[PDB]
Structure formats: C-alpha cells, structure tokens
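The authors' numbering puts the first residue of the first sequence at 2, with every later residue one more than the last.
We treat Cβ as the ideally placed atom computed from N, Cα and C, and that holds for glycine.
Read through the structure below, which is laid out as structure tokens, and then see the notes.
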Amino acid sequence: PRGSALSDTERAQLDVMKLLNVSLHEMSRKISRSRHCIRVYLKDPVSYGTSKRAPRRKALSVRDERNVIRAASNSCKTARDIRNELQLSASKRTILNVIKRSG
DNA sequence: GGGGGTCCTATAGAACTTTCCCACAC
DNA sequence: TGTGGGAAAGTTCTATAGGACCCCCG
Numbered sequence: 002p003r004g005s006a007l008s009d010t011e012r013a014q015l016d017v018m019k020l021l022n023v024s025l026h027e028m029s030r031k032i033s034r035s036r037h038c039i040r041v042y043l044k045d046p047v048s049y050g051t052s053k054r055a056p057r058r059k060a061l062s063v064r065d066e067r068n069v070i071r072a073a074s075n076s077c078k079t080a081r082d083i084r085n086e087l088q089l090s091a092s093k094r095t096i097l098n099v100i101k102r103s104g
C-alpha cells in the first residue's frame, strides 16, 4: 500500500482514542495517518492485517520439480546439467533449491 | 473551521528467484 | 573454468494506505 501498515502502538493509540470518542479527523491528526486507514482498522480491528495476498508463481511446474528430483535421485549430475537436460529455463540455483527441499 | 463519506492507484511486504560471493575441485 | 551453499538483491504478487474528491453543520 501507499503507506506502511499500522503498527501495534499506532493500533493501541487508535484503540484508546476510540474509547475516548475522538473524531476521525482528530484521530488521524494525532497519529499522522489517513482517515481511510483508521476507519477500516476501527470498523474491524481483530481482522486488521488478516487477509493474505496470493504470492507470485514458482519458477518451475510440479512436473519440472518432479523431473528435477528424479534426475538427482538417480545420478550425481550437477544442477547445471539437470537444467540443460530438461531444458529448464530456471536458474541453476533454483534447481538446487528444489533438490534441497526434497530432503 | 468542524464533522462525515466513497473510490482510484501506487506500493509494502511477502513469497520466490536470481545474482553474487565463497572455499574448494577438477 | 567449474561446483554447491550462504547472503544479498531482484522479481512478482495484491490488499490496502494515501489522499483525491464528495457531502453537511455552525
């Protein structure tokens, strides 16, 4: 987002100001934070920061991963070898990461 | 000035990857 | 020249902070 997430202290401050029935304009003045942001925190504090964001995609498909492992499970070929063998177009390092993730 | 609202959009911050080192190995 | 691995920098993700743009009251 355009700004950082409300921290613990700024949420605690929001909290007590709410119990003191401070206006929103005034609240956003004292913590130098947009009203937009505060309004949403107070409407439902328990779920602030709660909604995950779908991540970027891995560089390798489940197939490619499975082939990479099969190649390394069998023989001592280098990561680079495997990458060229399955014409993989993912970094030599990524392959190693996959191999290492398989125990 | 005080108070309130709705909606566009650039980005935080995370997930994942790649680059860049390193001590070593041929 | 290469390796694999640790660290740091890059890429790629989308929910959300900012703030634009509305309103009314004294």
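Reference residue i, options the options, closest by Cα
i	options	result
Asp65	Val23, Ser48, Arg54, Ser90	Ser90
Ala13	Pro56, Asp82, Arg57, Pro46	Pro46
Beta-carbon proximity of residue i to residue j, cut-off 7 Å
i	j	result
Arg84	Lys93	yes
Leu87	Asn75	no
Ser35	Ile70	no
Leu25	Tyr42	no
As assigned by DSSP and simplified to three states, the class of residue i
i	result
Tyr49	coil
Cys77	coil
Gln14	helix
Contact set for residue i: own chain, Cβ-Cβ below 7 Å, skip 5 residues either direction
i	result
residue 108	Here the chain comprises residues numbered 2 to 104, so residue 108 is not present and cannot be evaluated.
Close-in-space but distant-in-sequence residues of the same chain around residue i (CB under 6 Å, 5 per side omitted)
i	result
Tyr49	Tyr42
Range of the contiguous alpha helix (DSSP H) that encloses residue i
i	result
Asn22	Careful: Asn22 lies outside any alpha helix (DSSP H) and carries neither H nor E.
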